[PDB]
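Pasting coords.cif here (mmCIF, N, CA, C and O atoms):
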data_work
#
loop_
_atom_site.label_atom_id
_atom_site.label_comp_id
_atom_site.auth_asym_id
_atom_site.auth_seq_id
_atom_site.Cartn_x
_atom_site.Cartn_y
_atom_site.Cartn_z
N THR B 418 -75.13 111.88 122.05
CA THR B 418 -74.80 111.28 120.77
C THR B 418 -73.66 112.04 120.10
O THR B 418 -73.55 113.26 120.26
N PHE B 419 -72.82 111.32 119.36
CA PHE B 419 -71.67 111.90 118.67
C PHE B 419 -71.72 111.57 117.19
O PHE B 419 -72.12 110.46 116.81
N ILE B 420 -71.32 112.52 116.35
CA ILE B 420 -71.42 112.37 114.90
C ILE B 420 -70.11 112.77 114.24
O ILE B 420 -69.55 113.83 114.54
N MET B 421 -69.59 111.90 113.37
CA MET B 421 -68.36 112.15 112.61
C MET B 421 -68.59 111.70 111.17
O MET B 421 -69.23 110.66 110.95
N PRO B 422 -68.11 112.44 110.18
CA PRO B 422 -68.09 111.94 108.81
C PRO B 422 -66.81 111.17 108.52
O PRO B 422 -65.77 111.39 109.14
N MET B 423 -66.89 110.27 107.54
CA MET B 423 -65.75 109.41 107.21
C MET B 423 -65.17 109.67 105.83
O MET B 423 -63.99 110.02 105.71
N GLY B 424 -65.96 109.51 104.78
CA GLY B 424 -65.40 109.51 103.44
C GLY B 424 -65.54 110.83 102.72
O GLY B 424 -65.43 110.88 101.49
N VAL B 425 -65.77 111.90 103.47
CA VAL B 425 -66.09 113.19 102.87
C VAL B 425 -64.84 113.78 102.23
O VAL B 425 -63.81 113.97 102.90
N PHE B 426 -64.92 114.04 100.93
CA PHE B 426 -63.84 114.64 100.16
C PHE B 426 -64.28 116.03 99.74
O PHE B 426 -65.38 116.20 99.21
N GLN B 427 -63.42 117.02 99.98
CA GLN B 427 -63.74 118.41 99.64
C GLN B 427 -63.72 118.56 98.13
O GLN B 427 -62.66 118.51 97.50
N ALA B 428 -64.90 118.75 97.54
CA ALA B 428 -65.04 118.71 96.09
C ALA B 428 -64.43 119.93 95.42
O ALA B 428 -63.79 119.82 94.37
N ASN B 429 -64.63 121.11 96.00
CA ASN B 429 -64.12 122.34 95.41
C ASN B 429 -62.61 122.41 95.58
O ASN B 429 -62.08 122.03 96.63
N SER B 430 -61.92 122.90 94.55
CA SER B 430 -60.47 122.96 94.60
C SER B 430 -59.98 124.12 95.46
O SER B 430 -58.78 124.21 95.76
N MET B 431 -60.88 125.01 95.86
CA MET B 431 -60.52 126.13 96.72
C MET B 431 -60.18 125.67 98.14
O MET B 431 -59.32 126.28 98.78
N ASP B 432 -60.84 124.63 98.64
CA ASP B 432 -60.65 124.20 100.02
C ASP B 432 -59.47 123.26 100.21
O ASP B 432 -59.09 122.99 101.35
N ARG B 433 -58.88 122.76 99.12
CA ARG B 433 -57.70 121.90 99.23
C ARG B 433 -56.46 122.80 99.27
O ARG B 433 -55.71 122.93 98.30
N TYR B 434 -56.26 123.43 100.43
CA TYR B 434 -55.18 124.37 100.65
C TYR B 434 -54.40 123.96 101.89
O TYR B 434 -54.96 123.36 102.81
N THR B 435 -53.12 124.31 101.92
CA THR B 435 -52.27 124.06 103.07
C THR B 435 -51.84 125.37 103.72
O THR B 435 -51.62 126.37 103.04
N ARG B 436 -51.77 125.35 105.06
CA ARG B 436 -51.42 126.55 105.82
C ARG B 436 -49.97 126.95 105.60
O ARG B 436 -49.64 128.14 105.67
N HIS B 437 -49.10 125.99 105.32
CA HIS B 437 -47.71 126.28 105.00
C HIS B 437 -47.26 125.30 103.92
O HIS B 437 -47.97 124.35 103.58
N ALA B 438 -46.07 125.55 103.37
CA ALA B 438 -45.60 124.77 102.23
C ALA B 438 -45.20 123.36 102.65
O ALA B 438 -45.81 122.37 102.22
N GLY B 439 -44.18 123.24 103.48
CA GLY B 439 -43.71 121.93 103.91
C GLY B 439 -44.28 121.48 105.24
O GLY B 439 -43.52 121.17 106.16
N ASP B 440 -45.61 121.45 105.37
CA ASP B 440 -46.22 121.04 106.63
C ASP B 440 -46.06 119.54 106.86
O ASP B 440 -45.70 119.11 107.96
N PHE B 441 -46.33 118.73 105.84
CA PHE B 441 -46.21 117.27 105.93
C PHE B 441 -45.54 116.80 104.64
O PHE B 441 -46.22 116.53 103.65
N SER B 442 -44.22 116.70 104.66
CA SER B 442 -43.47 116.28 103.49
C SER B 442 -43.17 114.79 103.56
O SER B 442 -42.99 114.23 104.65
N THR B 443 -43.13 114.15 102.40
CA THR B 443 -42.89 112.72 102.30
C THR B 443 -41.89 112.47 101.18
O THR B 443 -41.77 113.28 100.25
N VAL B 444 -41.16 111.35 101.28
CA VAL B 444 -40.16 111.00 100.28
C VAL B 444 -40.80 110.66 98.93
O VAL B 444 -40.17 110.83 97.88
N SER B 445 -42.06 110.23 98.93
CA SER B 445 -42.73 109.81 97.71
C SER B 445 -42.97 110.99 96.77
O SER B 445 -43.26 112.10 97.21
N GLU B 446 -42.84 110.73 95.47
CA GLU B 446 -43.02 111.78 94.47
C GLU B 446 -44.47 112.22 94.34
O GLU B 446 -44.73 113.30 93.80
N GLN B 447 -45.42 111.41 94.81
CA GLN B 447 -46.81 111.81 94.94
C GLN B 447 -47.14 111.82 96.43
O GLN B 447 -46.93 110.82 97.12
N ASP B 448 -47.64 112.95 96.91
CA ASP B 448 -47.94 113.11 98.33
C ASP B 448 -49.14 112.26 98.69
O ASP B 448 -50.21 112.44 98.10
N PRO B 449 -49.03 111.34 99.65
CA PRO B 449 -50.18 110.50 100.00
C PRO B 449 -51.18 111.17 100.93
O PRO B 449 -51.61 110.56 101.92
N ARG B 450 -51.53 112.41 100.64
CA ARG B 450 -52.60 113.11 101.33
C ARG B 450 -53.58 113.78 100.39
O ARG B 450 -54.65 114.18 100.83
N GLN B 451 -53.24 113.91 99.10
CA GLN B 451 -54.20 114.40 98.12
C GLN B 451 -55.27 113.37 97.80
O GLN B 451 -56.32 113.74 97.27
N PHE B 452 -55.01 112.10 98.09
CA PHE B 452 -55.98 111.04 97.83
C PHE B 452 -57.17 111.18 98.78
O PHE B 452 -57.01 111.66 99.90
N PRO B 453 -58.37 110.80 98.34
CA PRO B 453 -59.56 110.98 99.19
C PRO B 453 -59.51 110.09 100.41
O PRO B 453 -59.10 108.92 100.33
N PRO B 454 -59.89 110.61 101.58
CA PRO B 454 -59.77 109.84 102.81
C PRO B 454 -60.77 108.71 102.89
O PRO B 454 -61.88 108.79 102.36
N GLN B 455 -60.37 107.63 103.57
CA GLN B 455 -61.21 106.46 103.74
C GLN B 455 -61.47 106.10 105.19
O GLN B 455 -62.12 105.09 105.44
N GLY B 456 -60.97 106.88 106.15
CA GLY B 456 -61.14 106.54 107.54
C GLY B 456 -61.19 107.78 108.41
O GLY B 456 -60.91 108.89 107.96
N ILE B 457 -61.54 107.56 109.67
CA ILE B 457 -61.63 108.63 110.66
C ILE B 457 -60.92 108.16 111.93
O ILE B 457 -60.95 106.97 112.26
N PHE B 458 -60.23 109.07 112.59
CA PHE B 458 -59.50 108.78 113.82
C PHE B 458 -60.08 109.61 114.95
O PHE B 458 -60.17 110.84 114.84
N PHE B 459 -60.45 108.96 116.04
CA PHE B 459 -61.00 109.64 117.20
C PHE B 459 -60.43 108.99 118.45
O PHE B 459 -59.76 107.96 118.39
N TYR B 460 -60.72 109.58 119.60
CA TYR B 460 -60.15 109.13 120.86
C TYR B 460 -61.15 108.28 121.63
O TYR B 460 -62.36 108.47 121.55
N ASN B 461 -60.61 107.33 122.39
CA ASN B 461 -61.41 106.39 123.16
C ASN B 461 -61.84 107.03 124.48
O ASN B 461 -61.61 108.22 124.73
N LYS B 462 -62.49 106.24 125.33
CA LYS B 462 -62.83 106.68 126.67
C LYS B 462 -61.57 106.87 127.51
O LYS B 462 -61.46 107.84 128.27
N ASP B 463 -60.60 105.98 127.36
CA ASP B 463 -59.36 106.02 128.13
C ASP B 463 -58.28 106.87 127.50
O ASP B 463 -57.15 106.88 128.00
N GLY B 464 -58.57 107.57 126.41
CA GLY B 464 -57.56 108.31 125.70
C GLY B 464 -56.80 107.52 124.66
O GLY B 464 -55.83 108.04 124.09
N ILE B 465 -57.19 106.27 124.41
CA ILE B 465 -56.57 105.48 123.36
C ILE B 465 -57.02 106.00 122.00
O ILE B 465 -58.12 106.54 121.86
N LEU B 466 -56.16 105.87 121.00
CA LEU B 466 -56.51 106.27 119.65
C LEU B 466 -57.10 105.08 118.90
O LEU B 466 -56.47 104.02 118.81
N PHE D 1347 -76.46 159.42 111.08
CA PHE D 1347 -75.13 159.67 110.55
C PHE D 1347 -74.98 159.25 109.10
O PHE D 1347 -73.98 159.62 108.48
N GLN D 1348 -75.96 158.52 108.56
CA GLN D 1348 -75.96 158.00 107.19
C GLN D 1348 -74.70 157.17 106.91
O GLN D 1348 -74.02 157.36 105.90
N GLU D 1349 -74.39 156.27 107.83
CA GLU D 1349 -73.23 155.41 107.72
C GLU D 1349 -73.66 153.97 107.96
O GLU D 1349 -74.77 153.71 108.42
N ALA D 1350 -72.78 153.04 107.62
CA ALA D 1350 -73.05 151.62 107.81
C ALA D 1350 -71.75 150.91 108.16
O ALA D 1350 -70.72 151.13 107.52
N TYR D 1351 -71.81 150.05 109.18
CA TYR D 1351 -70.61 149.46 109.76
C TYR D 1351 -70.27 148.15 109.08
O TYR D 1351 -71.15 147.29 108.96
N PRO D 1352 -69.04 147.94 108.63
CA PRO D 1352 -68.69 146.66 107.99
C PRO D 1352 -68.44 145.58 109.03
O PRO D 1352 -67.74 145.80 110.02
N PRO D 1353 -69.01 144.39 108.83
CA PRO D 1353 -68.77 143.29 109.77
C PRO D 1353 -67.56 142.47 109.37
O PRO D 1353 -66.90 142.78 108.38
N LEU D 1354 -67.28 141.41 110.12
CA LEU D 1354 -66.18 140.49 109.79
C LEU D 1354 -66.59 139.67 108.58
O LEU D 1354 -67.38 138.73 108.68
N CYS D 1355 -66.07 140.04 107.41
CA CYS D 1355 -66.37 139.35 106.17
C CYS D 1355 -65.07 139.09 105.43
O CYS D 1355 -64.08 139.80 105.61
N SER D 1356 -65.07 138.04 104.62
CA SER D 1356 -63.90 137.72 103.82
C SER D 1356 -64.34 137.01 102.55
O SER D 1356 -65.43 136.45 102.47
N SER D 1357 -63.46 137.04 101.56
CA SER D 1357 -63.76 136.40 100.29
C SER D 1357 -63.38 134.94 100.25
O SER D 1357 -63.60 134.29 99.22
N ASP D 1358 -62.80 134.40 101.32
CA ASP D 1358 -62.43 133.00 101.37
C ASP D 1358 -62.60 132.47 102.78
O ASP D 1358 -62.21 133.14 103.74
N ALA D 1359 -63.16 131.28 102.91
CA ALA D 1359 -63.28 130.65 104.22
C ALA D 1359 -61.95 130.12 104.73
O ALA D 1359 -61.83 129.82 105.92
N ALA D 1360 -60.96 129.98 103.84
CA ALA D 1360 -59.65 129.51 104.25
C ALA D 1360 -58.94 130.52 105.14
O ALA D 1360 -58.30 130.15 106.13
N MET D 1361 -59.04 131.80 104.81
CA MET D 1361 -58.34 132.84 105.55
C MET D 1361 -59.18 133.43 106.67
O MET D 1361 -58.65 134.22 107.46
N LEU D 1362 -60.45 133.07 106.76
CA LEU D 1362 -61.32 133.63 107.79
C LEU D 1362 -61.04 133.03 109.16
O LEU D 1362 -61.41 133.63 110.17
N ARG D 1363 -60.37 131.88 109.21
CA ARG D 1363 -60.07 131.20 110.46
C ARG D 1363 -58.62 130.74 110.44
O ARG D 1363 -58.14 130.25 109.41
N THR D 1364 -57.91 130.90 111.55
CA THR D 1364 -56.53 130.45 111.65
C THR D 1364 -56.45 129.15 112.44
O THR D 1364 -57.38 128.76 113.15
N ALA D 1365 -55.33 128.46 112.28
CA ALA D 1365 -55.15 127.12 112.84
C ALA D 1365 -54.38 127.19 114.16
O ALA D 1365 -53.23 126.77 114.27
N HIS D 1366 -55.06 127.73 115.17
CA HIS D 1366 -54.43 127.84 116.49
C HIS D 1366 -55.39 127.56 117.64
O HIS D 1366 -55.00 127.76 118.80
N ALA D 1367 -56.62 127.10 117.35
CA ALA D 1367 -57.65 126.78 118.35
C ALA D 1367 -57.97 127.98 119.24
O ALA D 1367 -57.71 127.99 120.45
N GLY D 1368 -58.54 129.01 118.62
CA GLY D 1368 -58.76 130.27 119.31
C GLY D 1368 -59.38 131.33 118.43
O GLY D 1368 -60.41 131.10 117.79
N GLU D 1369 -58.76 132.51 118.42
CA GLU D 1369 -59.26 133.65 117.65
C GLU D 1369 -59.18 133.38 116.15
O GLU D 1369 -58.50 132.46 115.69
N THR D 1370 -59.91 134.19 115.39
CA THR D 1370 -59.96 134.03 113.94
C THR D 1370 -58.76 134.70 113.28
O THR D 1370 -57.91 135.31 113.93
N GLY D 1371 -58.69 134.57 111.96
CA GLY D 1371 -57.57 135.12 111.22
C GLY D 1371 -57.64 136.63 111.12
O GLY D 1371 -58.66 137.26 111.35
N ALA D 1372 -56.49 137.22 110.76
CA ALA D 1372 -56.40 138.67 110.65
C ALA D 1372 -55.57 139.15 109.47
O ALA D 1372 -55.24 140.34 109.41
N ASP D 1373 -55.22 138.27 108.53
CA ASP D 1373 -54.49 138.70 107.34
C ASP D 1373 -55.40 139.51 106.43
O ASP D 1373 -56.58 139.17 106.25
N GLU D 1374 -54.87 140.58 105.85
CA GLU D 1374 -55.72 141.52 105.13
C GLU D 1374 -56.05 141.03 103.73
O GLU D 1374 -57.22 140.76 103.41
N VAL D 1375 -55.04 140.92 102.86
CA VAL D 1375 -55.20 140.34 101.53
C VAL D 1375 -54.17 139.24 101.38
O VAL D 1375 -53.11 139.28 102.02
N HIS D 1376 -54.50 138.19 100.62
CA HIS D 1376 -53.52 137.13 100.37
C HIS D 1376 -52.95 137.17 98.95
O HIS D 1376 -51.75 137.39 98.77
N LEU D 1377 -53.78 136.92 97.95
CA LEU D 1377 -53.34 137.10 96.56
C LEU D 1377 -54.27 138.01 95.78
O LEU D 1377 -53.83 139.02 95.23
N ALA D 1378 -55.56 137.68 95.73
CA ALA D 1378 -56.58 138.57 95.20
C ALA D 1378 -57.81 138.59 96.08
O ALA D 1378 -58.76 139.31 95.77
N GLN D 1379 -57.83 137.82 97.17
CA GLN D 1379 -58.92 137.80 98.13
C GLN D 1379 -58.74 138.95 99.11
O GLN D 1379 -57.83 139.77 98.99
N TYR D 1380 -59.61 139.01 100.12
CA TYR D 1380 -59.52 140.06 101.12
C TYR D 1380 -60.19 139.57 102.39
O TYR D 1380 -60.93 138.58 102.39
N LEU D 1381 -59.92 140.28 103.49
CA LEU D 1381 -60.58 140.00 104.76
C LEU D 1381 -60.74 141.33 105.47
O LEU D 1381 -59.74 141.95 105.85
N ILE D 1382 -61.98 141.76 105.66
CA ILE D 1382 -62.26 143.02 106.33
C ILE D 1382 -62.44 142.73 107.81
O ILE D 1382 -63.30 141.94 108.20
N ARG D 1383 -61.61 143.37 108.64
CA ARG D 1383 -61.74 143.21 110.08
C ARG D 1383 -63.00 143.91 110.57
O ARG D 1383 -63.53 144.81 109.92
N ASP D 1384 -63.48 143.47 111.73
CA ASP D 1384 -64.75 143.97 112.26
C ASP D 1384 -64.60 145.41 112.74
O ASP D 1384 -63.78 145.71 113.62
N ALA D 1385 -65.39 146.31 112.15
CA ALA D 1385 -65.43 147.70 112.57
C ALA D 1385 -66.77 148.08 113.19
O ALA D 1385 -66.97 149.25 113.52
N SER D 1386 -67.68 147.12 113.36
CA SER D 1386 -68.98 147.39 113.92
C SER D 1386 -68.87 147.62 115.43
O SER D 1386 -67.85 147.32 116.04
N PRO D 1387 -69.91 148.20 116.05
CA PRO D 1387 -69.94 148.25 117.53
C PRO D 1387 -69.95 146.89 118.20
O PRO D 1387 -69.60 146.81 119.38
N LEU D 1388 -70.36 145.83 117.50
CA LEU D 1388 -70.33 144.48 118.05
C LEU D 1388 -68.94 143.86 117.85
O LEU D 1388 -68.73 142.98 117.01
N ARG D 1389 -67.99 144.35 118.63
CA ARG D 1389 -66.64 143.82 118.56
C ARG D 1389 -66.42 142.68 119.56
O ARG D 1389 -65.91 141.62 119.19
N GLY D 1390 -66.82 142.89 120.81
CA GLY D 1390 -66.60 141.90 121.85
C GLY D 1390 -67.82 141.06 122.19
O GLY D 1390 -67.84 140.38 123.22
N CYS D 1391 -68.83 141.11 121.33
CA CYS D 1391 -70.04 140.32 121.50
C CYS D 1391 -70.22 139.42 120.28
O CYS D 1391 -69.34 139.35 119.41
N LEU D 1392 -71.38 138.74 120.22
CA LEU D 1392 -71.79 137.83 119.15
C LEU D 1392 -70.74 136.74 118.91
O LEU D 1392 -69.96 136.84 117.95
N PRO D 1393 -70.68 135.73 119.78
CA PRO D 1393 -69.55 134.78 119.75
C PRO D 1393 -69.50 133.93 118.49
O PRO D 1393 -70.52 133.66 117.85
N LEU D 1394 -68.29 133.53 118.14
CA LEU D 1394 -68.01 132.86 116.87
C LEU D 1394 -67.88 131.35 117.04
O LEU D 1394 -67.02 130.72 116.43
#

Written as structure tokens, how would this file's structure read?
Amino acid sequence: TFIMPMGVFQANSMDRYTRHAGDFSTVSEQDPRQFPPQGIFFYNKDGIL
Amino acid sequence: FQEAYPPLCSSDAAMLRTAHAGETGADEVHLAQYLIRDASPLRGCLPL
């Protein structure tokens, strides 16, 4: 059996940290990664995403 | 000997592990947190 969480948002502000400054930069003035996640990505049997 | 060995402890879970799929982090202090490297006799045992 395999278990994954989907909508889990890190509530404490201590864990919302980045390993480097410009790891994932976007043209938008609000970074679309601070928003709470709504999905999960995993690999198939054949390696498909 | 009246001594006590410090284990791998840190004040933040962010710095206790590095993002390289392997060994743990080794930075000493970041801003006001800390990370004490393992000085116990259990250096190469007790897997993480």

- Pull out every residue of chain D that has at least one atom within 9 Å of chain B, counting only C-alpha atoms, and report them as a PyMOL selection string. chain D and resi 1358-1360+1364-1365

- Task: Please run DSSP on the backbone and report, as a ChimeraX atom specification, all residues within chain D that come out as strand (DSSP E).
- Result: /D:1355-1356,1381-1382

- Task: With a distance cut-off of 7 Å and all atoms listed in the file, select the neighbouring residues of residue 426 (chain B), excluding the residue or stretch itself and same-chain residues fewer than 3 positions from it, and output the selection as a list in words.
- Result: residues 423, 429, 453 and 454 of chain B

- Item | d(atom O of residue 1350 (chain D), atom O of residue 1394 (chain D)) in Å |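 So the two atoms, atom O of residue 1350 (chain D) and atom O of residue 1394 (chain D), lie 22.6 Å apart.
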
- Could you spell out the hits of the PyMOL selection byres ((chain D and resi 1382) around 7) on the shown file, as a list in words?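 Selected by the PyMOL selection byres ((chain D and resi 1382) around 7) here: residues 1352, 1353, 1354, 1355, 1356, 1357, 1373, 1374, 1380, 1381, 1383, 1384 and 1385 of chain D.
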
- Task: Tell me which protein, DNA and RNA residues are within 8 Å of residue 455 (chain B), counting only N, CA, C and O atoms, leaving out same-chain ones fewer than 4 positions away, and put them as a ChimeraX atom specification.
- Result: /B:422-425
